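Chains as they are written, first to last, in PDB author numbering: chain A, 18 to 500; chain B, 18 to 500; chain C, 18 to 500; chain D, 18 to 500.
Using N, Cα and C, we set each Cβ at its ideal position, and we do this for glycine too.
There are 4 protein chains.
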Amino acid sequence: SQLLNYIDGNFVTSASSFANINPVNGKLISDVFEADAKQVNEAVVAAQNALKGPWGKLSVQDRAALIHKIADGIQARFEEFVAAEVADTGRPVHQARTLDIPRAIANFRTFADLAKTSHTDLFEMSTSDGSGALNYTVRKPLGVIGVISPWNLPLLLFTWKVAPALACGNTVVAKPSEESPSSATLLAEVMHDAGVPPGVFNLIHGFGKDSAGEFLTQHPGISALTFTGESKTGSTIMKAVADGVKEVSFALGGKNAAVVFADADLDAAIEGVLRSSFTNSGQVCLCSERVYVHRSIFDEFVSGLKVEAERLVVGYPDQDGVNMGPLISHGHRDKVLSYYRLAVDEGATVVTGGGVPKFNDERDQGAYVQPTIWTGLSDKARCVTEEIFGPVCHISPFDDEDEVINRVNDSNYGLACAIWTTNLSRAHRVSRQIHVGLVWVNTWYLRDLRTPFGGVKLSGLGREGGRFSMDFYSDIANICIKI
Amino acid sequence: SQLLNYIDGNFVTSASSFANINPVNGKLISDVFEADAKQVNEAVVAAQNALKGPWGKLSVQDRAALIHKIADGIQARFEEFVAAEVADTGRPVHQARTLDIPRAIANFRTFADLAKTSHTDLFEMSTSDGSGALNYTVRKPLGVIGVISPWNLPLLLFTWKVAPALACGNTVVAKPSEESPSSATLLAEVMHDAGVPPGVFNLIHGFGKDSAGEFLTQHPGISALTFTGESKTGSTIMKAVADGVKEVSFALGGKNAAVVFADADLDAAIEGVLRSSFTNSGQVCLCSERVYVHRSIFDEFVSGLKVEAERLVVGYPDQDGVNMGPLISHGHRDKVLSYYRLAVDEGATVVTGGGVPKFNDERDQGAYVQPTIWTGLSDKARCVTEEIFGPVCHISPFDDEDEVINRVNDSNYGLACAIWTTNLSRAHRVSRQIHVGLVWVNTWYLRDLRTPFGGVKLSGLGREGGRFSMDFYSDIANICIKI
Amino acid sequence: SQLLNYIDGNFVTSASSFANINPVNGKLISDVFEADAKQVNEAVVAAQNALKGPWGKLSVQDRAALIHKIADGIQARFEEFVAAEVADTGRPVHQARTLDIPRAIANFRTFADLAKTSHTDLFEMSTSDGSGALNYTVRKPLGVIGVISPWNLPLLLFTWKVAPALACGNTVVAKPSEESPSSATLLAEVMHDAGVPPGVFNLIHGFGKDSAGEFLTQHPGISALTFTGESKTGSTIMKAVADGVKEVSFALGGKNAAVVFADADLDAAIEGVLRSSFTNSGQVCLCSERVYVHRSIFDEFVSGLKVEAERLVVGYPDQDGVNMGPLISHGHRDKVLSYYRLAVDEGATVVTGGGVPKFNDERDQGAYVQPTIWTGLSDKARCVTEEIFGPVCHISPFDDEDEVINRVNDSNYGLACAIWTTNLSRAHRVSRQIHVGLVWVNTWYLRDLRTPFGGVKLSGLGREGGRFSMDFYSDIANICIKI
Amino acid sequence: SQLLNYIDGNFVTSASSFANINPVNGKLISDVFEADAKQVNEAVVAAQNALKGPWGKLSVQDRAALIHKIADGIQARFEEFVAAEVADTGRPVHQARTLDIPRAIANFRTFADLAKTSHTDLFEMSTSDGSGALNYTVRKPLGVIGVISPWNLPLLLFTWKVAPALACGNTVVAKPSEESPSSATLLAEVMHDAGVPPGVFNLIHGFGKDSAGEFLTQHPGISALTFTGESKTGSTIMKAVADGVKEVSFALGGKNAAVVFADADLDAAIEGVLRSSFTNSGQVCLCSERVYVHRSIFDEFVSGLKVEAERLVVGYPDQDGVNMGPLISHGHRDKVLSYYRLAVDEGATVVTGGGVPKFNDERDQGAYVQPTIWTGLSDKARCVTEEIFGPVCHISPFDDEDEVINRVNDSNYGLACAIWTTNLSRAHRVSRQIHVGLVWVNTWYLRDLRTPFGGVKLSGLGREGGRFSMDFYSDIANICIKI
Ligand SMILES: NC(=O)c1ccc[n+]([C@@H]2O[C@H](COP(=O)([O-])OP(=O)(O)OC[C@H]3O[C@@H](n4cnc5c(N)ncnc54)[C@H](O)[C@@H]3O)[C@@H](O)[C@H]2O)c1
Ligand SMILES: NC(=O)c1ccc[n+]([C@@H]2O[C@H](COP(=O)([O-])OP(=O)(O)OC[C@H]3O[C@@H](n4cnc5c(N)ncnc54)[C@H](O)[C@@H]3O)[C@@H](O)[C@H]2O)c1
Ligand code: NA
Ligand code: NA
Ligand code: NA
Ligand code: NA
């Protein structure tokens, strides 16, 4: 497999290539061409010029129709996209088929629709002379949108940025994670085949520092940088665009808590925390890595979770009852195992897992680890405060509602929280006091694309979703007419 | 010993003080106590703690009432605030009485009212199990808001940030410009007398770099930094808060154009541009420093403007027919004069002004300059492209509509633009093509506080006003209930 | 006392007066002049004219300021207003003090504030010639608003229509209930002293059919009729305005259910149903005249309610621990007692009440009845289906959730419903299935003036509240500009 | 050809039929089965029942997809729908191809989209106990929607109601005009083939009084009646549904003015008024039957319009350059010619037209009239005040802006107005002062489906379009949770 850049309507190679590796078995999947600074410049310039071409002349309705055409194109090649996400990342085929690909299609359709229905504001005012004035606002394309995405839900998170950028009439230069370049490259093929004018969508491959990613962030030709990834990367990028005062939108790390109250439906909470800790092998930004369970049900909760975690099937993405694939890469597994060791050093009881499974086949050359549960750590332990991004959670008892609220909030992160309780008052009273951008009550990772999405503190800045994306990806202009 | 900080409900001095100078005569007005890093920390911590006191417990209705009381407090001491603004800035008394103070009061009233009327969103969704789920959003206080403000419209711009900050339930640490500290200090006394709880509003005085401004910018305890000032400073601030990923809102420099078409009302356009160029002695972010006039009316427009400029009275804030006061400081005057010289060097024709008036009295010790009109520079001249922020404008002829639109847009700034034309189609067709956040047609500086306000490119990041402020100064949380 | 009409800025008498009876003791409170057709027309013509006077020239900010002055004016004669409502209706003094009057003031203040903050819409569209078009909307005064109101919460319900009517720049012709004309007459005094331009607010006294009410409804000079009263009266008025195609807003009768599930907090539910049943002696449209209680807790619930019910103090508005006053009138008691009998004939067990109290003083000349609880009736019984509007409820057991939902919904009415449960899923699942405009969970008659308020089926049409009022009381116009 | 009813998923005949006539030549097109009261009852009951079946269980997204399939089905049989509208009404083929059928399709697509993107409101409130409460609103299906539509733009106006009705989850019983039943019947075929569940959409054929229309209007099983037609018919229907207090939405007659100011683009205005007067042979509710032209250009405008009118091709729907077809029916022509006579009797000068064209072929048995222009009548003449709904306009001079605004507003109707001017201030100043629901400047009949559409005074009640439809075709319910 060879993955090229896509710049100004053409697929192009580069003077440097890097390997895409399958985490299931450590084998080479494809060669990826790393865009250099010159090619990043070429992509931004094409994007700037495309804003002045046919793309810029399309009516909102025609633009939306084209975007639905893009979505049709992905649907027409549904299984090729499934194969690509799975190859790159080792995610179970079931997850790619039911969540990943359909959601990436839903991203384009939802924002295309929003573009058609969205409107702006009219403000009347009085004036001295008594003839009055009108102020009206309009949404216009912001310009060239730089998109930089992570490896954990490659096409879903890529299209979550690209869909609204295009729906708002911008042009795009997007850099997917070096770990997961395939589905973004296939999407470039879909764009090309759907007749998207050259320069409107540009795909550049590579790394961050001193590579495609950094060059993009440094280019004076962009109008905004939207980013999803680690918090420290977010800070680095915010500094990079500071001189250009570029618009910025960041969804970043988390150290998410799940709270199980005594009045929770216990089997449901056990199933839910099992899903929220170990889905995608713990590699979702929304995963719960800290868990608080009322003292009265703590022991029973921990026993039940141990049992369920130990029935999880870890293996091939298309294996019968598979629950978990491997981690994204050997490098990431090194980091995760290092955290496994640190937890024992910090005094943790290992309730289950804590190592890597032994398959006695090619999977042993992959990047697998065991779902892991810890107990007995203090709230200030590193393993309870730092984002690990693997299939793990620490469980701690609590006694009081105000107590557990303070403990959930005692964090430099603030992305998401999940609360389990059958009590009406408690659900609402407690949810509003959690210092995060997203709370789920009695469920996890249900997403309505209309809702505002983002985090607080180190977990981000700004919101995307529904009208928040329509506002971020547009110039909002106010036009005032004296009458 | 004149102007103190107000930290945790107490006026306090500092280790060192600095002089506040009257730009009308160069005389000492007051000594100002410069907060140190230690006092900056004390202020941020007090603001953090106030979030958890009685302020955090007020209903939105009671909070709004308390804010109207602050407004009533300013009103009760109207002339004292007038005297303070006039002293610091040399502002004509009439304009402080009619524009500055009433508008500072309106800031508090408008956002109090908005806080009471604002609501959020309810999203219903279907789920696999057929029972559904509810997503709803809430606005909560973001936390501690760091406010850094400029000297040009001291109280107006200070309250423009402080009003929505408080209306949204935040606490505040605000640093007014070293050049204009008085009206903000009086506002501290008004907050005190109205019984605003300690820690909710904190005033710190000082400079930027290596002083109170920088320190506020670097404190990990704030949740957001909203700033009005030079673009250079915006960039500097964006880098400072990057490690904390703090929310940012920037309204920065401009090099605003006025455009006068042949079908304009010529007398109204001359009067309009006179105001947009020379109001507040050209020291408003929204002033026009570039003017494009259709060739058919150019000579007449220039001759008319020269006549009206030379009828402007430059003098004392209480001088009978006074139109213009001094620049803010000798330092700013030096910069403006350096541009006056550059302009000549660049080949400009000085239509009028170009120097400093000779008063033969104490005003000669102040910081006055002449309202100035240039002609003959190219679009690439420094004086045509760099923000001067003095009472000046260059006037250039134009021939075509697409031409002038391009010349207006050919700037690294994009704050505002004024268009003069009587033609229905042209007004709306041209206005939408100008790459700014704010367009006025047949007027200038008409402000409705409900409208989105901000700029593009180097002129800013984000929007404030109406719901945009209610959103910026709030944590937006989504809460999803599985049924 | 003497109650005059207020027409074109003048208090005026008429050719006929009628008696205002105090129902505490049957004494004559005042004579009320009955507007005749000539006076009604005179009122409508003045309101029409007033639209082109100073009122119509007021900015929205000035209009809201005056409206707040109306509110200030009520606050300044607060006790006079309490006295008035109490005199007319027998309402407990505490209740008029803390609820009735403050809320009438809140009506003006809230709609004044909404008027200032409300805005409209801008829609951009592409056109064949590639130049496009703009559609914008504006709210304008609808014109002359006819207001006809009931006797149960005189000032509150009066001002609920008058406030938004005036806040939207309309003029008003208002016909208060013949039973409760006092507080409205006082308000006319407040309007006058506040300086409300003559013709802007007109008060007309009289009855419905063949009287002022009817004449108002038949007048071609009004633009809308907003009504609160009996559903049959609503249908009558609907036919009256049909030839003129007038805009209509109806809040009509109900036969509201309270539902108590087994997982309710029983003590709070007992207290809640006590209030929803007997507040204002059961003379609120929102009262629960039907109650369904889970079988498992039915007997305990009835016993608790009986006890709490028998603790209710029925006497003087000023009497010490007073809980109930009399019904509004002897005529109304005749109807209520007639139902008391009907319930017996129908098979009801009288758990408590069912007659009239005995005072051996002037009150025996009043219009008092006993708080009553029935049991043992069929869902098809008249007493359980028809609105009584007295301090009465029937309690029936239920077993299944879908069963009780069906029984609540089995009604030609559909105003409000109260649900008692501590279960999260249940609260939300059941509430959405109740076919009414207003559901309360674990409380009753909590009112936020921003929310949409109204009923379904016979209980009304349209919604008022928040933007629904801003919409109903304005002309919405769409202006389309071809560019 | 035979047109059956569609009831509960079955095409059904009836006891009696009536003839559908081609107005082009007076020939029989089809026999149409007239629904009787018994069949109307079956339809309504099927519709109530369908709300409780599969239709009522669809997610909003699945409902929207099914509605896009309905639209697809119309698209797939596009030319059959064209032929049907033309046969019924004599509409030029070009207009049916470019305007009539594409809009019918757009109606379904737009409201399907609005249904996916629409959301409701969250209101937080404080309470005495300090724990607070939530109010959230939801949109539910109103229930069974009765739709009665007119003959002028049959499928367009029919689907304008049926689309939002279904998009909002209602079931429908629809009665198209007796003059134009074909496309509605084809629409029922598309519904059937698309798999729309039985009872969801029901088509009943017949007349109004003493027929299907009247019976639908009287059935207590409907929840709303939405109507487009004559004002007097609207009044009749309003009385009919009054005992049931049914929600109603009316779009009724007009007597629309066009105004041509001295600064208009004269040739553009002549062409505009030509179109607004004679499109669909003057048979659009939005047509201009009154025209006011500035005195300075009156004679030239009138001479210009005469020439352009006499250039119109009146003939067969597929005739080479055809501009106008016949009126809908001989009955309607009888009324139109009656007004032609009356105009003469009232003292009108006939500038052109005023009779019937003579074809000397089968068209002479049709219902054609000549496009007609009058001059010289008083503002009080009946021909200038009463809706004719033919291809006619009267033209009168004016001098002053306020003068003409008053003359336009001096009507019992208030649907629309077209204004012609090149002046920015005038466009906006004059448009806001016209008492109508819709103004166009320098164009006519430009429709954005997101905009509020409707009239004032006799021209209607309520608004439809965008969120106004989403609100009208839904139950708005407020749910209040005590926390
Ligand atoms: N919605 C959310 O908040 C959300 C969602 C998913 C993942 N995340 C976070 O993403 C992280 C995991 O993804 P990741 O490991 O790929 O993050 P990674 O930050 O370290 O980098 C992600 C992307 O940024 C690029 N990049 C790295 N350094 C750069 C630089 N100096 N300049 C420009 N670009 C640079 C990378 O090439 C890659 O495309 C986790 O921390 C996770 O929590 C957040
Ligand atoms: N939010 C609500 O829906 C709400 C609230 C409170 C009370 N109500 C209803 O109010 C009713 C009690 O008040 P009511 O007894 O005064 O109703 P009442 O209908 O018989 O009359 C109310 C008003 O209508 C006038 N009126 C009567 N006949 C008229 C006619 N033919 N034409 C014009 N006007 C006429 C009356 O004079 C009075 O001003 C109850 O049915 C109750 O349900 C509704
Ligand atoms: Na890979
Ligand atoms: Na100073
Ligand atoms: Na009375
Ligand atoms: Na026909």
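Less than 7 Å between C-beta atoms, sequence neighbours within five positions excluded: which residues of the same chain meet that for residue i?
i, result
"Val473(C)", "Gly431, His452, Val453, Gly454"
"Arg380(D)", "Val41, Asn42"
Taking Cβ to Cβ, would you say residue i is nearer than 7 Å to residue j?
i, j, result
"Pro181(C)", "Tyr490(C)", "yes"
"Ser428(A)", "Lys249(A)", "no"
"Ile496(C)", "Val456(D)", "yes"
"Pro374(A)", "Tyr385(A)", "yes"
"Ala205(A)", "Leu220(A)", "yes"
"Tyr309(C)", "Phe415(C)", "yes"
Quick test of your reading: residue i and residue j, contact by CB under 8 Å. State the CB separation rounded to the nearest angstrom.
i, j, result
"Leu466(C)", "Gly477(C)", "About 18 Å separates the two Cβ atoms, so there is no contact after all."
"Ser197(A)", "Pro171(A)", "4 Å"
"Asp210(C)", "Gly90(C)", "6 Å"
DSSP puts residue i in a beta bridge; with which residues?
i, result
"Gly477(B)", "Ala268(B)"
"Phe315(A)", "Beta-bridge pairing links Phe315(A) to no other residue."
"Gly163(B)", "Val190(B), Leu242(B)"
"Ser47(A)", "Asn37(A)"
For residue i, which residues of its own chain have a beta-carbon under 6 Å away from its beta-carbon, when the five flanking residues on both sides are left out?
i, result
"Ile165(C)", "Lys192, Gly230, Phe244"
"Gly216(C)", "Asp25, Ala63, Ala64, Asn66, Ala67"
Does residue i come out as helix, strand or coil in the three-state DSSP assignment?
i, result
"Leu83(C)", "helix"
"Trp461(A)", "coil"
"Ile390(B)", "strand"
"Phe470(C)", "strand"
"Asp492(B)", "strand"
"residue 502(D)", "With chain D covering only 18 through 500, there is no way to say anything about residue 502(D)."
"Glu97(B)", "helix"
Which residues count as close to ligand 8 when the rule is a CB under 6 Å from any of its heavy atoms, in chain order? Ligand 8 is not part of this structure, which contains only ligand 1, ligand 2, ligand 3, ligand 4, ligand 5 and ligand 6.
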